[PDB]
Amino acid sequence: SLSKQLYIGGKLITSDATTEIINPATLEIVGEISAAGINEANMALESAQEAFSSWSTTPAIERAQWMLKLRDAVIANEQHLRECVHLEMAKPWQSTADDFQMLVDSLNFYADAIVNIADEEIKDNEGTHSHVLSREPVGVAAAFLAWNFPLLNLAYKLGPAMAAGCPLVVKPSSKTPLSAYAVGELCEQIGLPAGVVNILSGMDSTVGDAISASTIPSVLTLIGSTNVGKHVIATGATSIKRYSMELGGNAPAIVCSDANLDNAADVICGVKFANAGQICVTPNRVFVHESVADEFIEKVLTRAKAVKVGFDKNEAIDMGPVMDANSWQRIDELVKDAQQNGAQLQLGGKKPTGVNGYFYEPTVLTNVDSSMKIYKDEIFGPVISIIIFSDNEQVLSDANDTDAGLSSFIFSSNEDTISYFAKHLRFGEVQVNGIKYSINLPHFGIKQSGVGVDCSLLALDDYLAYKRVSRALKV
């Protein structure tokens, strides 16, 4: 049941080609999917377009019931969905719960949110007209998803698009498409109307470019890198479209003099090694003060040494391997470039001895400065990069010394210090003394980290168009 077909137009159809999924830990074939071509891409766009007139006029409560029906099928098929993520990217068995649960959480949140949307009246200052502001479905939506959270990233778009009445064309990453294809099988099982949801994977220069260049979609959304976001914006300029982009980050983490070093180490290591550091909001530059530098490093090394690395559903594995060889080499060249410029390797910086798979050990780097490539670029790996600072006003300028604008962290027990950083940090998210994300809390970045919001009620703004109906009262 791991040889899955395309879900286009409410039907499970096969392809002209085929792509196999290879597990990055065992490097064996774990499944195959029917790969889409330009013809299959146009088939999904046309079926999504034809379904707009009926799906957008379907009452919100009826759409919400279709979402809850898919949610019931997702809960019933929990083991298969988590196993799909487990096999396609060697994600630890317990961390696959985050992917699966977010899909249930998203379907629940936006089924309930859409039935609470109400029109609003605008006051006429002249007393000559009445005005009613309503919200309606925009059109077809197309989504390109990163591979780091296959089902979570899918949930961020599937939930809102279904609730807002927008037929959706999903393109999962060719590296992790099995779990999304399984969701399409669930929509075919419950009998979801044709064209509402379409799931296909294919080559970027053909399938992906064709979906963006098409004049059918009204909204293009991407969870990925900044460079691909620029390409999608330019490629989609064949028509006027909405863009919702959640792109790369370079999160600073500031551990101050008065910070709880045990809490800062627990939080930082927890998210630096979960998903092998392949997380958009994880710290990329760990700023540590002089007076607590040596004490904070000893705490991070102890936690890093206690990270269970491997690939086994039966075992309590904490961290798996990175996605593929390109990721492994990119991370390794950043660690090795830092050492040649004076950085000190305290732990890791290599693959375990004689191990099969693209595993990278929990790495701890010190003596990092602003001129190194590991400082300017997004690591997206299990590398804790530590920079020593002394002054708060200087570490703030260094923290803002990046084109990214996603997440950021400040660890301190001083209210004047917390207020100072929370205000002047140029990032969409400021985490204070911890980390927290949820389906109801908005996730977003500013500057080059994208435009648009995932989670919370604001995620519906990309899929709903306003309409003002103004009526003359005199005649």
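We number the residues from 1 along the sequence you see.
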Mean Cα B-factor check, 299-307 vs 157-165, entry values; winner is 299-307
Tell me which of 26-34 and 403-411 has the higher mean C-alpha B-factor in the deposited entry.
-> 26-34
Looking only at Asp294, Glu246, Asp105, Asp324, the Cα with the top B-factor belongs to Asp294
Of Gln329, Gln394, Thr238, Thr128, which one's C-alpha B factor is largest in the deposited record?
-> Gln394
Going by the recorded CA B-factors, say which third of the chain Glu315 sits in, lowest, middle or highest.
-> highest
Against its chain's modelled residues, does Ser449's Cα B factor rank lowest, middle or highest third?
-> lowest
In terms of the CA temperature factor given in the entry, to which third of its chain does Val469 belong: lowest, middle or highest?
-> lowest
Entry-reported Cα temperature factor of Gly195, expressed as the chain third it lands in | middle
Chain-relative CA temperature factor third for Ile13 = highest
